[PDB]
Structure formats: C-alpha cells, structure tokens
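Colleague: The structure follows.
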Amino acid sequence: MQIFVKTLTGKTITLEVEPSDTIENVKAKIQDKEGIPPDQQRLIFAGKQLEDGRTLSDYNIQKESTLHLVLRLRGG
Ligand SMILES: [Zn+2]
Ligand SMILES: [Zn+2]
Ligand SMILES: [Zn+2]
C-alpha cells in the first residue's frame with residue numbers, strides 16, 4: 001500500500017509499505033532513499049511519536065496517511 005512522509009522542509013516523498021511493517025522498517029525505507037540513518041530519524045503520526053518496535057497497524061495507519069519526519073542529531 002502507500003503512505004506519505006512530510007519532512008519539515010515541506011518536501012513530500014511517498015512510500016510503499018505493508019500494514020504490518022515495523023516502524024524500524026519505515027525508518028529503513030527512508031535511509032535507503034534519503035540516506036538518513038534510522039537512528040537519527042524520529043517519526044510522528046497525528047501528534048504521536050512512533051516506536052522502532054510497533055507496526056503501522058498498531059498505530060492504525062492506512063493507505064495515504066501522512067507521517068511527518070523530524071531528525072535527532074547530536075553529531076553536528
Ligand atoms: Zn515491508
Ligand atoms: Zn534498502
Ligand atoms: Zn499531519
């Protein structure tokens with residue numbers, strides 16, 4: 001299925017995923033796509049911050065949901 005990701009910048013890249021994909025997997029889908037280390041990504045859905053461990057369905061995300069991307073960076 002498909003969902004979107006809106007970086008703060010306003011940029012909106014869009015991902016193919018599975019309802020039972022871990023967040024870890026998204027973060028991974030982004031690294032191999034924007035080369036941003038998962039361990040620097042943090043992801044938010046409807047104001048909730050999501051956990052490396054739980055799946056999309058856990059958070060009730062569905063086709064064409066927008067997640068916003070924010071970075072943690074304590075390396076610069
Ligand atoms: Zn998957
Ligand atoms: Zn990859
Ligand atoms: Zn939003």
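Chain identifiers are assigned as A, B, and so on, following the order in which chains appear in the structure tokens; residues are numbered from 1 within each chain, and ligands are numbered from 1 in order of appearance.
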Please report, as JSON lines, each residue of chain A lying at most 10 Å from ligand 2, together with the nearest pair of atoms and the separation in Å rounded to one decimal; use only C-alpha atoms and all ligand atoms, and order rows by chain and ascending residue number.

Modeller:
```
{"residue": "A:25", "atom": "CA", "partner": "ligand 2", "partner_atom_place_in_ligand_line": "1 (Zn)", "distance": 9.3}
{"residue": "A:26", "atom": "CA", "partner": "ligand 2", "partner_atom_place_in_ligand_line": "1 (Zn)", "distance": 10.0}
{"residue": "A:27", "atom": "CA", "partner": "ligand 2", "partner_atom_place_in_ligand_line": "1 (Zn)", "distance": 9.9}
{"residue": "A:28", "atom": "CA", "partner": "ligand 2", "partner_atom_place_in_ligand_line": "1 (Zn)", "distance": 6.4}
{"residue": "A:29", "atom": "CA", "partner": "ligand 2", "partner_atom_place_in_ligand_line": "1 (Zn)", "distance": 5.8}
{"residue": "A:30", "atom": "CA", "partner": "ligand 2", "partner_atom_place_in_ligand_line": "1 (Zn)", "distance": 7.9}
{"residue": "A:31", "atom": "CA", "partner": "ligand 2", "partner_atom_place_in_ligand_line": "1 (Zn)", "distance": 7.1}
{"residue": "A:32", "atom": "CA", "partner": "ligand 2", "partner_atom_place_in_ligand_line": "1 (Zn)", "distance": 4.2}
{"residue": "A:33", "atom": "CA", "partner": "ligand 2", "partner_atom_place_in_ligand_line": "1 (Zn)", "distance": 7.3}
{"residue": "A:35", "atom": "CA", "partner": "ligand 2", "partner_atom_place_in_ligand_line": "1 (Zn)", "distance": 9.6}
```

Colleague: Those residues you just picked out, can you put them in a file as a CSV table (one decimal), in the first residue's frame with N, CA and C atoms?

Modeller:
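Produced file result22.csv, reproduced below:
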```csv
chain,number,residue,atom,x,y,z
A,25,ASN,N,11.2,-0.6,10.0
A,25,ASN,CA,11.2,-0.8,8.6
A,25,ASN,C,11.0,0.5,7.8
A,26,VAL,N,10.1,1.3,8.2
A,26,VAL,CA,9.9,2.6,7.6
A,26,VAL,C,11.3,3.3,7.6
A,27,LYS,N,11.8,3.5,8.8
A,27,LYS,CA,13.0,4.3,9.0
A,27,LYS,C,14.0,3.8,8.0
A,28,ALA,N,14.0,2.5,7.9
A,28,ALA,CA,14.9,1.8,6.9
A,28,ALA,C,14.6,2.1,5.5
A,29,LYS,N,13.3,2.2,5.2
A,29,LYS,CA,12.8,2.5,3.8
A,29,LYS,C,13.3,3.9,3.5
A,30,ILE,N,13.6,4.7,4.5
A,30,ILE,CA,13.9,6.1,4.3
A,30,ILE,C,15.4,6.3,4.1
A,31,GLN,N,16.2,5.6,4.9
A,31,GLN,CA,17.6,5.6,4.8
A,31,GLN,C,18.0,5.2,3.3
A,32,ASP,N,17.6,4.0,2.9
A,32,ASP,CA,17.8,3.6,1.5
A,32,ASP,C,16.8,4.3,0.7
A,33,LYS,N,17.0,5.6,0.6
A,33,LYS,CA,16.1,6.5,-0.1
A,33,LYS,C,16.4,8.0,0.0
A,35,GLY,N,19.0,8.5,2.6
A,35,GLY,CA,20.3,8.2,3.2
A,35,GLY,C,20.4,8.8,4.6
```

Colleague: Find the residues near ligand 1. Use a cut-off of 7 Å, count only C-alpha atoms and all ligand atoms, and write them as a PyMOL selection string.

Modeller: chain A and resi 17-18+21+25

Colleague: Quick one: residues within 9 Å of residue 7 of chain A, only C-alpha atoms counted, chain neighbours fewer than 4 positions away excluded, as a PyMOL selection string?

Modeller: chain A and resi 11-13+67-70

Colleague: Would you list the residues that come within 12 Å of ligand 3? Count only C-alpha atoms and all ligand atoms and give the answer as a PyMOL selection string.

Modeller: chain A and resi 3-8+10+12+43-49+61+64-69

Colleague: In Å, rounded to a single decimal, give me how far atom CA of residue 1 of chain A is from atom CA of residue 72 of chain A.

Modeller: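 Pair atom CA of residue 72 of chain A / atom CA of residue 1 of chain A returns 27.5 Å.
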
Colleague: Pick out the residues sitting within 9 Å of residue 24 of chain A, and hand them over as JSON, numbers by chain; count only C-alpha atoms, and ignore anything fewer than 5 positions along from it in its own chain.

Modeller: {"A": [29, 38, 51, 52, 53, 54, 55]}

Colleague: Take the selection from the previous step and output its residues with N, CA and C atoms, as a CSV table (one decimal), in the first residue's frame.

Modeller:
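Produced file result_10.csv, reproduced below:
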```
chain,number,residue,atom,x,y,z
A,29,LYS,N,13.3,2.2,5.2
A,29,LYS,CA,12.8,2.5,3.8
A,29,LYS,C,13.3,3.9,3.5
A,38,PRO,N,18.4,5.6,10.3
A,38,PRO,CA,17.3,5.4,11.1
A,38,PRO,C,17.5,6.0,12.5
A,51,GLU,N,7.2,4.1,17.6
A,51,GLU,CA,8.3,3.3,18.2
A,51,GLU,C,8.9,2.3,17.3
A,52,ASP,N,10.3,2.3,17.2
A,52,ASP,CA,11.0,1.4,16.4
A,52,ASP,C,10.3,0.0,16.3
A,53,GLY,N,9.7,-0.4,17.4
A,53,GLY,CA,9.2,-1.7,17.6
A,53,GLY,C,7.8,-2.1,17.0
A,54,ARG,N,6.8,-1.2,17.1
A,54,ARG,CA,5.4,-1.5,16.7
A,54,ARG,C,5.1,-1.3,15.2
A,55,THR,N,4.1,-2.0,14.8
A,55,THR,CA,3.7,-1.9,13.4
A,55,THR,C,2.8,-0.8,13.0
```

Colleague: Would you please work out which residue, of A:14, A:20, A:50, A:59, is nearest to residue 34 of chain A when using only C-alpha atoms?

Modeller: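 The answer is A:14, which sits nearest to residue 34 of chain A.
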
Colleague: Looking at only C-alpha atoms, which of A:36, A:63, A:19, A:42 is the one that sits closest to residue 2 of chain A?

Modeller: A:63

Colleague: Hey, which of A:62, A:9, A:23, A:56 ends up closest to residue 41 of chain A? Count only C-alpha atoms.

Modeller: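 Using only C-alpha atoms, the shortest distance to residue 41 of chain A belongs to A:23.
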
Colleague: Within segment 17-59 of chain A, find each residue whose DSSP state, derived from the backbone, is strand (DSSP E), and express the selection as a list in words.

Modeller: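 Result set for segment 17-59 of chain A (strand (DSSP E)): residues 41, 42, 43, 44, 45, 48 and 49 of chain A.
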
Colleague: Mind dumping the selected residues with N, CA and C atoms as a compact mmCIF listing (two decimals), in the first residue's frame?

Modeller:
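The resulting file, again_31.txt, is shown below:
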```txt
# COMPACT_ATOMS: atom_id res chain seq x y z
N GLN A 41 16.40 9.47 12.59
CA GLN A 41 15.01 9.73 12.26
C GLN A 41 14.15 9.59 13.51
N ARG A 42 13.15 10.45 13.60
CA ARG A 42 12.04 10.26 14.51
C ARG A 42 10.78 10.52 13.67
N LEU A 43 9.73 9.74 13.90
CA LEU A 43 8.55 9.86 13.06
C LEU A 43 7.29 10.08 13.85
N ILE A 44 6.43 10.93 13.32
CA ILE A 44 5.22 11.29 14.02
C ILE A 44 3.97 11.04 13.21
N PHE A 45 2.93 10.58 13.89
CA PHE A 45 1.64 10.36 13.28
C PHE A 45 0.51 10.96 14.12
N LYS A 48 1.45 11.72 17.53
CA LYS A 48 2.05 10.67 18.34
C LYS A 48 3.43 10.35 17.77
N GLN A 49 4.41 10.12 18.64
CA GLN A 49 5.72 9.68 18.19
C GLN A 49 5.74 8.16 18.17
```
